[PDB]
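This is what each chain is made of:
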Amino acid sequence: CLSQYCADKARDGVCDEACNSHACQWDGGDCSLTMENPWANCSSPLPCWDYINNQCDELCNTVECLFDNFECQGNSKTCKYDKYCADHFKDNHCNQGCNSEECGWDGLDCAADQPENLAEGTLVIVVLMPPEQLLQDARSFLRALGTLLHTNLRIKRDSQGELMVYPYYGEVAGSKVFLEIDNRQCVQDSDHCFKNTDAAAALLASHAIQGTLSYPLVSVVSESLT
Ligand SMILES: [Ca+2]
Ligand SMILES: [Ca+2]
Ligand SMILES: [Ca+2]
Ligand SMILES: [Zn+2]
């Protein structure tokens with residue numbers, strides 16, 4: 001890459017930080033959930049991967065540039081009643097104190113009679129949790145990724161109505177899960193909802209690059225076919 005060390009280490013299933021660079025394709029994707037270039041669609045004159053700096057850079061504040069990692073939001077708020085809200089997230093009861101962007105809009109419990117407003121495409125994620133553990137922890141998994149993406153996610157269902165969670169056999173037992181983004185509330189409160197899953201996948205990869213992911217994700221891909 002930049003080195004012969006990085007050539008050797010690329011795509012070996014381990015993030016090597018000496019190679020965690022745009023030039024080295026984030027260690028052949030080892031550090032970026034296998035995504036070679038999360039900013040491939042970004043037409044900013046800035047190398048936006050260098051501007052994850054806790055400061056607003058407007059040149060990177062577009063969807064294809066990953067909204068500058070949401071660093072152009074001014075009021076960088078967290079969920080005030082995070083403990084209460086986590087336990088009441090997606091529990092089929094509207095908790096008004098949790099009905100805000102920071103709290104993932106109570107997992108859409110307060111928007112139950114509102115039409116779905118799906119982003120185009122499907123997020124395909126491999127996580128190092130076996131299917132049973134993922135299914136049992138699905139609400140927390142969805143809340144965490146939703147919080148990262150500033151929207152609401154759900155596990156996709158197949159045409160039998162079954163949740164699309166499948167065993168994935170690697171060196172560690174994992175799962176492959178298919179997710180959809182529901183913007184039904186996001187669009188009302190936010191100017192930065194993903195209209196398509198491509199940039200959402202890339203933002204997850206970006207968080208992998210930084211090491212700020214809350215769950216042990218292995219890979220993410222945005223699909224239009226599924
Ligand atoms: Ca590596
Ligand atoms: Ca920035
Ligand atoms: Ca609730
Ligand atoms: Zn936001």
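Residues numbered from 1 in each chain as written, not as in the entry; some residues may be left out. Chains lettered and ligands numbered in written order. Heavy atoms only, no water. Residues with missing side-chain atoms left out of burial classes, pairs and counts.

A. Representation of the UniProt feature "disulfide bond" in the protein chain within the structure. Between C15 and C31, where UniProt annotates a disulfide, the S-S separation is 2.0 Å; being under 2.5 Å, the link is counted as present. Placement of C15 in the loop between α1 (4-9) and α2 (25-28) and of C31 in the loop between α2 and α3 (67-70) is noted, with a sequence separation of 16 residues between them. You can call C15 partly exposed: its relative accessible area is 32%. Classification of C31 by relative accessible area gives buried; the value is 2%. Agreement with UniProt is obtained for the disulfide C56 to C72: its S-S length of 2.0 Å falls short of 2.5 Å. Remark: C72 occurs in the loop between α3 and α4 (82-88) and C56 occurs in the loop between α2 and α3; sequence separation between them is 16 residues. A relative accessible area of 16% means that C72 is categorised as buried. (Disulfide = S-S within 2.5 Å. UniProt positions renumbered as here; feature names shortened; annotations may be inferred. Helix = DSSP H or I, 4+ residues; strand = E, 2+ residues; numbered from the N terminus. Buried < 20%, exposed > 50% of the residue type's maximum accessible area, 1.4 Å probe, protein only.)

B. Structural detail: the domain arrangement of the protein chain. Domain boundaries in the protein chain define domain 1 (1-115) and domain 2 (116-226). Put simply, the middle of domain 1 and the middle of domain 2, counted by C-alpha atoms, are 12 Å apart. On the domain 2 side, the residues contacting the 37 residues of domain 1 number 36 residues. For the pairing of domain 1 and domain 2, the buried interface totals around 3,100 Å² over both sides, and the portion due to carbon and sulfur atoms is 60%. Three residues, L33, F70 and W105, lead the burial of domain 1 against domain 2; their summed loss comes to 25% of the area buried on that side. At the junction of domain 1 and domain 2, the tally comes to 1 salt bridge. In this structure, the connection of domain 1 to domain 2 is made through 14 residue pairs in polar contact. Among the elements of the structure, α3 and α4 are those that each provide at least two residues to the side of domain 1 that touches domain 2. Per element, the largest residue contribution to the side of domain 1 that touches domain 2 is 5 residues, and it comes from α4. Of the residues that constitute the side of domain 1 that touches domain 2, the class distribution is 21 nonpolar, 10 polar and 6 charged. (Domains from an automatic or database assignment. Contact = heavy atoms within 4.5 Å. Buried area = accessible area lost by both parts, 1.4 Å probe. Salt bridge = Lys/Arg side-chain N within 4 Å of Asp/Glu carboxyl O. Polar contact = N/O pair within 3.5 Å; in protein donor to acceptor, adjacent residues only side chain to side chain. Nonpolar A, V, L, I, M, F, W, Y, C, P; charged D, E, K, R; others polar.)

C. Fine view of the packing of aromatic side chains. One pass over the structure, following the stated rule, counts 8 aromatic pairs. Ring geometry for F67 and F70: centres 5.6 Å apart, planes at 15°, overall stacked. In this pair, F67 and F70 both sit in helix α3, 3 residues apart, roughly one turn of the helix. By relative accessible area, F67 is classed as buried at 7%. Residue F70 is classed as buried on the basis of its relative accessible area, which comes to 10%. One aromatic cluster in this structure is built from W26, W39 and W49. (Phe/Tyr/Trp six-rings, centres within 6.5 Å; stacked < 30°, edge-to-face > 60°.)

D. How the structure looks around the coordination of the calcium ion (ligand 3). Looking at the calcium ion (ligand 3), the protein donor atoms are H88 (O), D91 (OD), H93 (O), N95 (ND2), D106 (OD), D106 (OD) and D109 (OD), and they sit 2.3 to 2.5 Å from it. Sequence spacing among the residues donating to the calcium ion (ligand 3) works out to H-x2-D-x1-H-x1-N-x10-D-x2-D. Residue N95 is found in the loop between α4 and β1 (122-127), and its partner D106 is found in the loop between α4 and β1; the two are separated by 11 residues along the sequence. For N95, a relative accessible area of 7% translates into the label buried. Residue classification places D106 among the buried residues on the basis of a relative accessible area of 0%. (Donors = N, O, S within 2.8 Å, 3.2 Å for Na, K, Ca; no water.)

E. Structural detail: helix α6 (residues 138-149). Compared with an ideal rise of 1.5 Å per residue, which puts 12 residues at 16 Å, α6 spans 16 Å between its outermost C-alpha atoms and is within 8% of the ideal. Counting buried residues along α6, 9 of its 12 residues qualify, which places the element largely inside the surrounding structure. Where α6 is concerned, the buried positions are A138, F141, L142, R143, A144, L145, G146, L148 and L149. Downstream of α6 by a residue or two, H150 has a phi angle that is positive, lying close to 55°. (Expected span 1.5 Å × (residues − 1).)

F. Molecular detail of the environment of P38. In this fold, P38 is placed in the loop between α2 and α3. You can call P38 buried: its relative accessible area is 6%.

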